[PDB]
Amino acid sequence: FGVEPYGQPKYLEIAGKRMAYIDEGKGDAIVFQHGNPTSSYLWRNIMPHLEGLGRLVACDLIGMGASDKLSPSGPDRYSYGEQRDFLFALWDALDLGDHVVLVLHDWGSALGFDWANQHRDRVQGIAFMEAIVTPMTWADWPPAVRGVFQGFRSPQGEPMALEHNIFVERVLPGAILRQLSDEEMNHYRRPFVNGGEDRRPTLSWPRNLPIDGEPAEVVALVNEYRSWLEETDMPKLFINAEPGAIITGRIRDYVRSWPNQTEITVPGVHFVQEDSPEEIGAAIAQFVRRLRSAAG
Ligand SMILES: [Cl-]
Numbered sequence: 004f005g006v007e008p009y010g011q012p013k014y015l016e017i018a019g020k021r022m023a024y025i026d027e028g029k030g031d032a033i034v035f036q037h038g039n040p041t042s043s044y045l046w047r048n049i050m051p052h053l054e055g056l057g058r059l060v061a062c063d064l065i066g067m068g069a070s071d072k073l074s075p076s077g078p079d080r081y082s083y084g085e086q087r088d089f090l091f092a093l094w095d096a097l098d099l100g101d102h103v104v105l106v107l108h109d110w111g112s113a114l115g116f117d118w119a120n121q122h123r124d125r126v127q128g129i130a131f132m133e134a135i136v137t138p139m140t141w142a143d144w145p146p147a148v149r150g151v152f153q154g155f156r157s158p159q160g161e162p163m164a165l166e167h168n169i170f171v172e173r174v175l176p177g178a179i180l181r182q183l184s185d186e187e188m189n190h191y192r193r194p195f196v197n198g199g200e201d202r203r204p205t206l207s208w209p210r211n212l213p214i215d216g217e218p219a220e221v222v223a224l225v226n227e228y229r230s231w232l233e234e235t236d237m238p239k240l241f242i243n244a245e246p247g248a249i250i251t252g253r254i255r256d257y258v259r260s261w262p263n264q265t266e267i268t269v270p271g272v273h274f275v276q277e278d279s280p281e282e283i284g285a286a287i288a289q290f291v292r293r294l295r296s297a298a299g
């Protein structure tokens, strides 16, 4: 398992803030989008498998990775909508073209599914894993972390995330089967070393999860994009994980019903890239080669 980040960090100023990203190679874009509490670092052992198959792009969400922190920060910042505002502006600035393959995880999947739904004629295929695909109930959520996530979604969330860094220190390793090396963990810790508001994105994200009907605007968003995913003939690559975390049970059955979908099942909990990068990267490469073939 490689420890070095992939590529060279690049930056653009987007809506007053510097956003960091990786952009390597030529061709049609293959866009990798991380979620909480990760960064483009999550994709470092996956991206090499796509070399020569396209222009490999991986952005760091606002407040995350090497991207700037918002200021002043507080409970009203880093909502889904704000995250979308920055990311969608960065993707526009990058001139991705009209044959995009998205490779999505966690909140990256909500953002990327929303983008694809809004730009259907520009997306060639979507690979996704451990993704937000439907409004949830607590029963859908991994038992081990129901209490923690409820905690984030209460006034206890500030000390949990801001002071104790629980998403980074506990949730992340808890949903990887292997033990990360110190070096790898320290890349994940890097954006969040300072206690306080630098950790806000890691709190705002769980507060946006669509669970038992709330928040209503994110439930609505997910219902809109999933209605399109269910009916579209756009090619899909569903990377299922065993035991998995957020795509299990009935949600796994639901996703399996979607059309024009290639499936794999690999070992992993939530951060599956850390347990099965070779399988995942190979699957994505195979999927993209089929798309290129079919495009002549
Ligand atoms: Cl989250």
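According to the authors' numbering, the sequence shown is numbered sequentially starting from 4.
In this text, a Cβ means the ideal position worked out from N, Cα and C, and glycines have one as well.
Buried versus exposed call for residue i [16 or more other C-beta atoms within 10 Å across all chains shown]
| i | result |
| --- | --- |
| residue 41 | buried |
| residue 211 | buried |
| residue 137 | buried |
| residue 141 | exposed |
| residue 39 | buried |
| residue 199 | exposed |
| residue 277 | buried |
| residue 47 | buried |
| residue 112 | buried |
| residue 14 | exposed |
| residue 12 | exposed |
| residue 209 | buried |
| residue 86 | buried |
| residue 213 | buried |
| residue 150 | exposed |
| residue 185 | exposed |
Presumed contact (8 Å Cβ cut-off) between residue i and residue j, rounded CB distance
| i | j | result |
| --- | --- | --- |
| residue 31 | residue 102 | 4 Å |
| residue 274 | residue 175 | 6 Å |
| residue 272 | residue 178 | 4 Å |
| residue 133 | residue 250 | 6 Å |
Cβ-Cβ distance between residue i and residue j below 7 Å
| i | j | result |
| --- | --- | --- |
| residue 288 | residue 99 | no |
| residue 119 | residue 18 | no |
| residue 83 | residue 222 | no |
| residue 283 | residue 49 | yes |
| residue 35 | residue 106 | yes |
| residue 89 | residue 228 | no |
| residue 254 | residue 79 | no |
| residue 6 | residue 187 | yes |
| residue 268 | residue 245 | yes |
| residue 294 | residue 128 | yes |
| residue 63 | residue 43 | yes |
| residue 33 | residue 57 | yes |
| residue 207 | residue 81 | yes |
| residue 248 | residue 145 | yes |
Validate contact between the segment 198-210 and the segment 155-172 using beta carbons, cut 8 Å, 3 pairs | The way I'd put it, the segment 198-210 does touch the segment 155-172; three or more beta-carbon pairs between them come closer than 8 Å.
Ligand 1: which residues have Cβ under 6 Å from any of its heavy atoms, chain order?
-> That query returns the following residues: 39, 208, 209, 212.
Is it a yes or a no for the segment 6-26 touching the segment 59-74, going by three-plus beta-carbon pairs under 8 Å?
-> Here the segment 6-26 makes contact with the segment 59-74; the two share three or more CB pairs at distances below 8 Å.
How do the segment 229-241 and the segment 81-98 stand: do at least 3 beta-carbon pairs fall below 8 Å, yes or no?
-> Segments in contact, no.
Is the segment 258-267 touching the segment 168-179 in the sense that three or more CB pairs, one from each, lie closer than 8 Å?
-> Contact fails: fewer than three Cβ-Cβ distances are below 8 Å.
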